[PDB]
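Only one chain comes next, encoded as structure tokens, the form deposited in one PDB entry.
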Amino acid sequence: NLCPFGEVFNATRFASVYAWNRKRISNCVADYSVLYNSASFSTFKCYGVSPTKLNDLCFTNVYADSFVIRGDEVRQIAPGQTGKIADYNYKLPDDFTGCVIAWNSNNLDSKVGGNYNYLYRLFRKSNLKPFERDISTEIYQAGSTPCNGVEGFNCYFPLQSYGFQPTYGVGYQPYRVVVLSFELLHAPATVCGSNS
């Protein structure tokens, strides 16, 4: 009963970072070292223990959060970070226990003339709580005048598009990101590594 990590990592369409996806994984066995070696990742940073140590551990649930950002923004997918993505799009707690995995997807998510399917939130009145998800599209009041739900002077649609183009520099090219959270409740641990 293998954990369906292929459905997350090998998914055809990833989500925009502001509307990040979450898959709950449970009641299965997963070889985390095989996941580490199944592709060439540019980031595979674990904050609890290593892939090899995960293979002896069991967890109640594993949550796989996936999305696309710029390569220069992957740094913000880490505890204690601030920035446009960490403040307004996807926030990790200071006490984070899990792995952040990322790889270049210029070959899939870039497009001649610009792929506008991937969005990010540019404006927000306050920073996100950890794992909070904000999919609203209220017009942002950036100035002193009320906006009344209409775009205008200092009244902005809160989302912008990445517009990925294969000729972007590496730092601006799209990277698919998968964040694994390892949840241990006072409950049966049914997600186990291949050597538990």
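Rigid core (definition): largest C-alpha set, two forms, superposition within 1.5 Å. We number the residues from 1 along the sequence you see.
On average the C-alpha atoms of 45-53 have higher B-factors than those of the other stretch, with 65-73 and 45-53 being the two compared.
When the C-alpha B factors of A86, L108, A102, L122 are read from the deposited coordinates, the top value falls at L108. For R13, the recorded CA temperature factor ranks within the highest third of the chain's modelled residues.
When the modelled residues of the chain are ordered by C-alpha B-factor, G171 sits in the lowest third. Sort the modelled residues of the chain by CA B factor and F164 lands in the middle third. Ranked within its chain, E151 lands in the middle third, by CA B factor from the PDB record.
The deposited CA B-factor of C28 belongs to the lowest third of values across its chain.
Keep in mind that the form deposited in another entry is not shown, yet the notes after this line are about it.
Of the residues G48, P166, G163, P130, just one CA atom moves 2 angstroms or more between this form and the one not shown under rigid-core superposition; it belongs to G48. With the core held fixed, the Cα of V68 is displaced between this form and the one not shown by less than 2 Å. For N37, a C-alpha deviation of 2 angstroms or more is recorded between this form and the one not shown after rigid-core alignment.
If you fit the rigid core between this form and the one not shown, you'll see the Cα of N154 move by 2 angstroms or more.
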